[PDB]
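The chain below stands alone and is given as structure tokens, in the form deposited in one PDB entry.
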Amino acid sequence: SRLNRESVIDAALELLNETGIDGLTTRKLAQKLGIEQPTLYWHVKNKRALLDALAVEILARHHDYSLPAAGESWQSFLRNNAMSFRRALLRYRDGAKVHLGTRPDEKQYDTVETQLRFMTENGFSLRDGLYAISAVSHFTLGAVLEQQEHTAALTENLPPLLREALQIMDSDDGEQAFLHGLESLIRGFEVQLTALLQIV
């Protein structure tokens, strides 16, 4: 079929979602696309190139709260941004794994630059803003990774509090724990920011 960038990425997203990050082979991608391996190689050099491109596309498609609103607080932006990043990661099988270790792409420069400048305009040094941003990213990735891999994994002598914790854990999709943790994180940054030079 068609082998422009957009279509090879569509195909790889479909393949990822069907087979997960282990089935995302250049050989199985070639089968999907109805082509021989040397034909695919012209367009896609290896699995790592595909993984990087998929990371970028996942957020392009489904990460919709990338930028603060007019007059939005840094707290509200971080909350909205995290919920969005989470939704985007959960859209595809192993989407969080796909993101891991990536760095901002050139196509994301203006956006992420705006995110960093915004934090500094709200009083954070660049370093402290980055630390907040990274903590939100890492917490979200962690939570999503554990939720997704646990669903994958699925394929009495318990002590009482653990038994209860497991029901709680298995009683929703993970969103309740994620949102509680998110509020904790945001408020911890707020304490630190407002402390200035005071022992806190």
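One-based numbering along the sequence shown. For the two forms, the rigid core is made up of the largest set of C-alpha atoms that agree within 1.5 Å on superposition.
Keep in mind that the form deposited in another entry is not shown, yet the notes after this line are about it.
A.B. asks: Look at residue 71 and decide if its Cα position differs by 2 Å or more between this form and the one not shown after superposing on the rigid core.
C.D. replies: Shift of 2 Å or more: no.
A.B. asks: Does residue 124 shift between this form and the one not shown by 2 angstroms or more at the C-alpha, the core having been superposed?
C.D. replies: Comparing the forms between this form and the one not shown, which are aligned on their rigid core, residue 124 does shift its C-alpha by 2 Å or more.
A.B. asks: Comparing between this form and the one not shown on the rigid core: C-alpha of residue 192 shifted by 2 Å or more?
C.D. replies: Residue 192: C-alpha displaced by 2 Å or more between this form and the one not shown.
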